[PDB]
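Below: one structure, written as structure tokens.
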Amino acid sequence: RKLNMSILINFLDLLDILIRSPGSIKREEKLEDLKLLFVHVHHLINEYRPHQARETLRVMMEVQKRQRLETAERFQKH
Amino acid sequence: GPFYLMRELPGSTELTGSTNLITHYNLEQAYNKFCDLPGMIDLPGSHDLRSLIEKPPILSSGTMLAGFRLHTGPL
Amino acid sequence: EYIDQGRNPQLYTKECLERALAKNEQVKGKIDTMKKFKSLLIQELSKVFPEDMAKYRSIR
Amino acid sequence: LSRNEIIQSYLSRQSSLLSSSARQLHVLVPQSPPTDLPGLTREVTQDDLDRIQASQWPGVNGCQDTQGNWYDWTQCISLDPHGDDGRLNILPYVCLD
């Protein structure tokens with residue numbers, strides 16, 4: 001959430017660069033700056049990718065277990 | 001608290017393109033004047049081929065002896 | 001070349017002054033649209049994100 | 001790149017909005033100082049595994065919501081963060097098979 005808000009505020013400050021002094025050095029920094037921010041917003045959510053991976057194994061196992069018991073109960077009724 | 005990678009914006013109004021550049025550059029009265037010199041020079045002379053050759057030389061870029069060697073008759 | 005056309009060169013002065021004002025008009029207009037767009041963006045973000053744009057208007 | 005025209009700009013608008021999208025948002029979740037391996041360091045117990053299997057845990061087993069409706073990881077959440085007719089549709093987090 002911090003990096004989302006930082007991306008938007010640095011876009012507004014880049015608009016302030018384009019309003020006040022377009023020939024400044026800072027815009028090059030600014031056109032680098034939010035790039036670094038965008039990298040981090042990808043780099044955090046890639047860190048959800050192992051977790052998601054591990055978590056899908058967990059729910060698969062739960063569904064696996066449930067289906068076994070369901071067939072057992074189905075068969076026993078028969 | 002502070003957002004990531006905040007910095008200082010430049011000086012409040014430095015030289016921009018949003019100013020009136022002409023009035024800052026002292027060129028206002030010339031424009032207020034301005035807003036043929038063939039005709040303005042034909043105020044002095046008669047009118048305004050080889051003049052095409054004059055413009056082409058423009059696009060390209062012993063006096064007593066001449067008066068002595070200028071022998072030609074009248075009629 | 002304008003002398004070759006037989007006009008005044010004063011017309012060339014007028015045209016250089018006019019092109020200077022044309023470029024200055026275009027650049028001031030682009031900067032003015034950026035001003036209006038920044039104002040609209042901070043209005044809409046202050047609508048959707050209250051506290052963040054509050055802290056931004058504090059820091060400026 | 002050179003020219004943007006009414007029709008092409010409106011094409012950009014509908015494509016970007018179809019990619020992206022009274023409150024009906026998720027219930028906010030605070031920071032969590034007890035985390036199980038690093039933070040609180042619980043010796044492997046049993047209440048935590050029974051909570052992760054059977055009960056409702058809103059940070060771990062699903063996403064809760066205002067108007068009460070619970071959504072676990074395999075379901076898709078329909079919400080409306082704006083005051084419009086356009087509805088955000090969060091896709092499932094797991095997508096089993």
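The table that follows gives values for the structure above.
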item: Sparsely packed chymotrypsin sites (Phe, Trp or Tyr not before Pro) within the range D:64-97, loop by DSSP, other Cβ within 10 Å at most 14; result: D:70
item: Cross-link partners of residue A:26 among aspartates and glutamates (Cα-Cα below 15 Å; sequence separation of 8 or more within a chain); result: A:13, A:16, B:8, B:14
item: Shielding by partners - mean other protein chain Cβ count within 10 Å, residues of C:24-32; result: 4
item: In sequence order, calculated HN-Hα J values of the range B:16-31 (Karplus, 6.51, -1.76, 1.60; Hz; x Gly/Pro); result: 10, x, 8, 7, 7, 6, 6, 5, 6, 9, 6, 10, 6, 6, 5, 5
item: Protection proxy ranking of B:37-44, A:29-36 - average other beta-carbon atoms within 10 Å, highest first; result: A:29-36, B:37-44
item: Extension gain from residue A:54 to residue A:28, taking 0.36 nm per residue of separation minus the Cα-Cα distance; result: 5.3 nm
item: In Hz, Karplus ³J(HN,Hα) per residue of the range D:89-95 (6.51, -1.76, 1.60; θ = phi - 60°; x = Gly, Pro); result: 10, 6, 6, x, 7, 9, 6
item: Vicinal HN-Hα couplings computed from phi for the range C:2-17 (Karplus, 6.51 cos²θ - 1.76 cosθ + 1.60; Hz; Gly/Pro x); result: 6, 5, 4, 6, x, 9, 7, x, 4, 5, 5, 4, 4, 6, 5, 5
item: Set of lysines with alpha-carbon distance to residue C:14 below 27 Å, sequence-local pairs under 8 removed; result: B:33, B:55, C:23, C:28, C:30
item: Cβ-based net charge around residue C:13, under 13 Å, with every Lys or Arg adding one and every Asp or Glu removing one; result: +2
item: Dipole magnitude of the protein assembly as shown about its Cα centre (Cβ charges: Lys, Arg +1; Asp, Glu -1), debye to nearest 20; result: 180 debye
item: Neighbourhood net charge (15 Å Cβ-Cβ; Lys/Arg +1, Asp/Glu -1) for residue A:26; result: -3
item: Amide hydrogen neighbours beyond the local backbone of residue D:90, cut-off 5 Å, H modeled; result: D:77, D:79
item: Calculated FRET efficiency for the pair residue C:26/residue A:68, C-beta based, R₀ 51 Å, to 0.05; result: 0.10
item: With Cα atoms, 0 to 90° folded angle of helix A:2-20 axis to chain A main axis; result: 20 degrees
item: Averaged over C:41-49, number of beta-carbon atoms from partner chains that fall within 10 Å; result: 2
item: Number of partner chain Cβ atoms within 10 Å, mean per residue of A:16-23; result: 6
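Laboratory data are not the source of any read-out in this text; all were calculated from the coordinates shown. Cβ coordinates were reconstructed from backbone atoms using ideal geometry, including for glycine residues, and neighbour counts include every protein chain displayed.
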